[PDB]
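Here you get one chain, nothing else, as structure tokens; it is the form deposited in one PDB entry.
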């Protein structure tokens, strides 16, 4: 994550729904905002959140009376994406994990925050012939919000990961916000190799498969793209090896393969998974952030999470818009 000198969101209150690791919290707090409520139902996510922020999020949002939620200015929600991902069944709103947006809508209707700030997978914009996104837009419009949606790739915002997500920013109509812009992409100057731990700290992550097939030469020149170097097995998910001189493939939460959740990388002549701290860095988490004691849960958590830096630029622009109030 980056340093934010001008605290655009000072004095504003936010809630952290589907909190996970608290990526939205780190991003908005860096812009000066104050968290007043958090909600997350996974036992291990609750633990890591408490380890980092000192508080246990409330559980199952579907059973929370929306009237009990504190007054707030910005509602944040990176809501579940399994039902919308191209790696899943794409049942969408028909999936029990696919109806959480309607809980967001229920809370917005009651609490009427200035801003609603949501994140999901890129496929959310395409799913069901665009109807899924249109449902969200229309729901927010019906609640008297404007709707701004764009897919952003983390590699365009200083983080070496291909991670294309949809970001949906909504302003209450009475605020007359007409100048919200998504942040402009800029040149990437950091690559996977720049975020790696020393070899001595990751020896246990080395995998030596005799069915490794190298399909492409290692590169010496860094590049802002994924660079496949080889495969093991049949080369499905988690069975693909990439160059550290490129960017990381997207981290996953429920993924498998021998290099599960992180993918495999060529490091000093050997192939290995990423360490959870390398996952944190690939998601823009600061080294001060405390990783969950279970490595399996840590990988799941980072796989579900948000890239802090992207959220910081967006949050800064939300604040920039709210603050422009000429006579």
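Note that the rigid core is defined as the largest set of C-alphas that superpose within 1.5 Å between two forms. Numbering follows the first chain given and starts at 1.
task = Would you determine, from the values in the PDB entry, which of 188-196 and 209-217 has the greater average C-alpha temperature factor?
result = That would be 209-217.
ask   = Is the mean CA B factor in the deposited entry higher across 5-13 or across 313-321?
value = It is 5-13.
key: Largest Cα B-factor, entry values, listed residues 45, 283, 267, 69   = The C-alpha B-factor peaks, among 45, 283, 267, 69, at 69.
ask   = Which of these has the highest Cα B-factor in the record: 249, 175, 166, 253?
value = So the option with the highest C-alpha B-factor is 175.
message = Going by the CA temperature factor in the PDB record, which third of the chain does residue 50 belong to: lowest, middle or highest?
response = According to the entry, residue 50 has a C-alpha B-factor in the chain's highest third.
task = Name the third of the chain's ranked CA B-factors that contains residue 41, choosing lowest, middle or highest.
result = Highest third of the chain for residue 41's C-alpha B-factor.
message = By the recorded C-alpha temperature factor, relative to the other modelled residues in its chain, which third is residue 202 in?
response = Middle third.
message = Going by the CA temperature factor in the PDB record, which third of the chain does residue 233 belong to: lowest, middle or highest?
response = For residue 233, whose C-alpha B-factor we compare with every modelled residue in the chain, the answer is the highest third.
ask   = Compared with the other modelled residues in the chain, in which third is the CA B-factor of residue 276?
value = Residue 276: CA B-factor falls in the lowest third of its chain.
From this point on, the text means the form deposited in another entry, which you will not see here.
task = Quick one: lay the two forms over each other on the core and tell me which of 252, 123, 82, 153 moves its CA by at least 2 angstroms between this form and the one not shown.
result = Just 82.
key: Rigid core superposed: residue 224 CA moves 2 Å or more between this form and the one not shown   = No; that C-alpha moves by less than 2 Å between this form and the one not shown.
request  = Return yes or no for residue 73: a CA shift of at least 2 Å between this form and the one not shown, with the rigid core superposed?
outcome  = Not so; residue 73 is displaced by less than 2 Å.
request  = Verify the C-alpha shift of residue 141 between this form and the one not shown: is it 2 Å or more after superposing the core?
outcome  = No: residue 141 shifts by under 2 Å between this form and the one not shown.
request  = Would you mind telling me if residue 96 and residue 117 are closer or farther apart in that other deposited form than in the shown form, C-alpha to C-alpha, with a 3 Å or larger change?
outcome  = Compared with the form shown here, the C-alpha atoms of residue 96 and residue 117 sit closer together in that other deposited form, by 3 Å or more.
Pairwise C-alpha change, residue 93 versus residue 139, in that other deposited form against this form - closer or farther, 3 angstroms or more = Relative to this form, closer in that other deposited form.
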